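Structure, as structure tokens:
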Ligand SMILES: CCCCCCCC/C=C/CCCCCCCC(=O)O[C@H](COC(=O)CCCCCCCCCCCCCCC)COP(=O)(O)OC[C@@H](O)CO
Ligand SMILES: CCCCCCCC/C=C/CCCCCCCC(=O)O[C@H](COC(=O)CCCCCCCCCCCCCCC)COP(=O)(O)OC[C@@H](O)CO
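Chains as they are written, first to last, in the deposited numbering: chain B, 1 to 391; chain A, 1 to 391.
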């Protein structure tokens, strides 16, 4: 979103989007899924820690590396940059590792069904199963958990360094032009406080946002292949793709209509920060001179701070009305859609469980993003502050 | 935890704890649950929005008000304070509203079983149930959701004002003694940046922490009355209270052993903040004078900042190893405990579902607290900074 990284941001992102679309179209249905080496299609290793060593996953890794390599080799000659390696390859690696973690989560999800089957068989007929099978199954689960832990730790470490690299680039570029840039009010805050909060906020709210989109993309095909049993939606009528449209619309609206409703919030934190800077400057001048910490001026500055903060707190009531209601209704959205299908007698028990489980695991990814909306507000305010400062 | 609020913190908290214990003992089993007015015991209104109007809940509200009134009337004469009303009554009200929200959540939980029963009956025999019963049930759910929304909005608003009152008290008390307190390094940051972050962090991490303890206290009796079917724990032997000890130990260790493991983390953010202050001061001096923004000094300050931040990022690997592992194993802890009971053939199907559901809803409250551990680290660092500054 900046110019310190990202060699030419005007055309870099367009090229990234176009190339991503071309590659995805080629792989998914473009007939590019032909595997001449070894037939790993229509058959995969069962649930175990070796699931990530079969030739299918190796082929996917190779394809991803080839695509990223072509893109990077184009851009490294089209337009050189000092931070090119981080700005391109680190982003690619972060996206890849997030996808890998979603896959590991799906594997843990799949491991549950046979264990429940074994438990049910033990409860019904006990002379078939012993304790050894249980210990073996727990061993397999620990095998998956170890890989999850190992990848997650390094993911966090690399994300931290990448974000700090971004902060270094921003600070260097601002301080390069400090002479004609200090005349703006609150200049000292822009380059240090704002950059720190941007780094810390993006380290926390960036991974979560990519993870939700990845979860939706991962679970979409199951709803595509399962929406043949739901022909009607409650107050819509009859659409050809029942569950996919419902899920996409629900998630997109829950993320976007809240932003539209609370569009005025990020414009208040701005003013809040300004008044606080006007406060802090005085104290910094007062830490040496004894004549600059007089009571009345401190009184006036704190009075202004209070007056702005009260208005900010006031403008959260009509946002919380929407957010809390959306959270409350979301728990039964996946069961609301099935009223006409039950009375029509089309669906059966067990398929209801599949739909409900899928919708629940989809909701789990956006729950954390919605529950922490103050951080997004702070990030958006930081974006506006830096953008206004850049001109 | 301070002296600006809380008239005499040395003896106030001890009195609060003792009085809370006395009241709880009197009500729970002290025989104080006699209701001479109307017999609401051993019978309650079914699942509806009127559940919070029966004489049982009114009696509880009256008892709570009487206890808080006695305590406040004692302290308002024992030791006067300027902020007494906020410091006592606001805390009481916040705790009460959190309990109320947990109760509403329990009601929504209970509403599920009959709806599934109706759905199953519709699936088996369709000539009994029509669409009107479904619409009525959805109406009842909306009735509960409305109360949830209305209470939550005002809860957030009041918490915001109470926290800002705390910040006002702290700032007034520090600025009262500014002359002999400015000689400490980084004084300007203590009174403005640290107070702001303390307010914003406590507004977010305070409610979540109280909510988890309230959830545990609410669900404890069910495990007390249900642990008669589990006589053995996996590698423990035979204890008289199976599930209660397991739940309490699991939650307490997951919250506390992580803190013990990462005890060294809060001591690093301190230094981080110091170096950043040493940076910002220079820029604030440079916003007017043109001879104080020389490149080399900025270089040295940023070099120090980078050197400290790298060490901080390094010390998260061995903390994430524990945190991610704890999150990963927690998903199957409630099913691990039941291996000996299944092979012993004591428990039956359906009771397993109850145990698993209870443990899942207990885990849901601590999941949000564990997933956001950076905020707790920041809060603890703020506490240490202010405590060191106060002496
Ligand atoms: C202003 C607009 C800005 C837009 C910015 C964003 C632009 C767009 C983002 C793209 C990143 C994500 C790419 C992948 C998206 C799709 C996600 C995904 O999982 O796709 C897989 C296929 O992917 C594929 O073949 C696709 C391969 C794509 C390879 C990479 C190409 C783009 C490189 C970009 C470099 C960084 C650029 C700068 C970013 C900021 C599906 O596999 P599938 O389930 O069948 O299982 C196969 C096997 O493992 C057996 O299960
Ligand atoms: C250094 C140490 C510091 C320690 C600081 C903390 C000190 C301790 C905290 C206490 C707050 C919470 C009190 C309540 C704790 C127990 C929580 C609770 O829900 O207790 C209920 C009974 O409570 C009761 O009778 C108890 C009534 C207690 C009334 C209030 C007394 C204390 C007032 C304090 C004022 C603020 C002081 C300063 C705090 C910072 C159970 O009902 P029950 O499920 O049977 O359903 C009945 C009916 O509704 C039908 O279901």
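The C-beta atom is built at its ideal place from N, Cα and C for all residues, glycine as well.
Ligand 2 heavy atom lying under 6 Å from the CB of residue i
| i | result |
| --- | --- |
| residue 64(A) | yes |
| residue 91(A) | yes |
| residue 153(A) | no |
| residue 56(A) | yes |
| residue 67(A) | yes |
| residue 76(A) | no |
| residue 365(A) | no |
| residue 71(A) | yes |
| residue 166(A) | no |
| residue 107(A) | no |
Any non-hydrogen atom of ligand 1 within 6 Å of residue i CB
| i | result |
| --- | --- |
| residue 27(B) | yes |
| residue 399(B) | The question about residue 399(B) has no answer, for chain B in this structure spans 1 to 391. |
| residue 22(B) | no |
| residue 19(B) | yes |
| residue 417(A) | This structure leaves residue 417(A) out entirely; chain A is present only between 1 and 391. |
| residue 53(B) | no |
| residue 16(B) | yes |
| residue 219(B) | no |
| residue 95(B) | yes |
| residue 86(A) | no |
First and last residue of the uninterrupted alpha helix (DSSP H) at residue i
| i | result |
| --- | --- |
| residue 380(B) | 374-390 |
| residue 296(A) | 295-314 |
| residue 271(A) | 266-286 |
| residue 340(B) | 339-344 |
| residue 326(A) | 317-330 |
| residue 9(B) | 9-28 |
| residue 362(A) | 351-371 |
| residue 244(A) | 242-261 |
| residue 335(A) | 333-336 |
For residue i, the nearest candidate out of the options (CA to CA)
| i | options | result |
| --- | --- | --- |
| residue 281(B) | 241(B), 189(B), 240(B) | 189(B) |
| residue 335(B) | 77(B), 243(B), 156(B) | 243(B) |
| residue 185(B) | 265(A), 288(A), 301(A), 89(A) | 288(A) |
| residue 218(A) | 100(A), 328(A), 170(A), 174(A) | 100(A) |
| residue 6(B) | 313(B), 341(B), 309(B), 166(B) | 166(B) |
| residue 307(B) | 293(B), 285(B), 276(B) | 276(B) |
| residue 102(A) | 216(A), 63(A), 353(A), 113(A) | 216(A) |
| residue 168(A) | 90(A), 192(A), 147(A) | 192(A) |
| residue 64(A) | 15(A), 23(A), 270(A) | 23(A) |
| residue 111(A) | 214(A), 137(A), 123(A) | 137(A) |
| residue 160(B) | 202(B), 134(B), 195(B), 150(B) | 202(B) |
| residue 61(A) | 78(A), 95(A), 88(A) | 95(A) |
| residue 270(A) | 385(A), 230(A), 146(A), 33(A) | 385(A) |
| residue 368(A) | 211(A), 273(A), 257(A), 89(A) | 211(A) |
| residue 180(A) | 176(B), 286(B), 97(B), 179(B) | 286(B) |
| residue 124(B) | 343(A), 297(A), 305(A) | 343(A) |
| residue 298(A) | 235(B), 172(B), 249(B) | 172(B) |
In chain order, what are the residue ranges of uninterrupted alpha helix (DSSP H) at least 4 long that sit wholly in the stretch 42-122 of chain B?
55-78
In chain order, what residues of the stretch 332-363 of chain A put their CB closer than 7 Å to some CB of chain B?
332, 339, 342, 343, 345, 349
Of all the residues that make up the stretch 269-282 of chain B, which are near chain A by a beta-carbon distance shorter than 7 Å?
276, 279, 280, 281
Ordered list of alpha helix (DSSP H) runs contained in the stretch 113-195 of chain A, each at least 4 residues
131-176
Interfacial residues, the stretch 112-136 of chain B to chain A, with Cβ spacing under 7 Å
119, 122, 123, 126, 131, 134
Short-range partners of chain A found in the stretch 190-202 of chain B, where Cβ spacing is below 8 Å:
191, 192, 193, 196, 200
Would you list, in chain order, the members of the stretch 371-389 of chain B that have their beta-carbon closer than 8 Å to a beta-carbon of chain A?
371, 372, 374
Going along the stretch 316-327 of chain B in order, which residues come within less than 8 Å of chain A, judged by CB to CB distance?
316, 317, 320, 321, 324, 325
Between the stretch 159-177 of chain A and chain B, which residues of the former have CB atoms less than 8 Å from a CB of the latter, in chain order?
160, 161, 164, 168, 171, 175
Going along the stretch 207-238 of chain B in order, which residues come within less than 9 Å of chain A, judged by CB to CB distance?
none
Against chain A: residues of the stretch 35-61 of chain B by CB proximity under 8 Å:
none
Which residues, taken in chain order from the stretch 141-153 of chain B, show a beta carbon closer than 7 Å to some beta carbon of chain A?
141, 145, 148, 149, 152, 153
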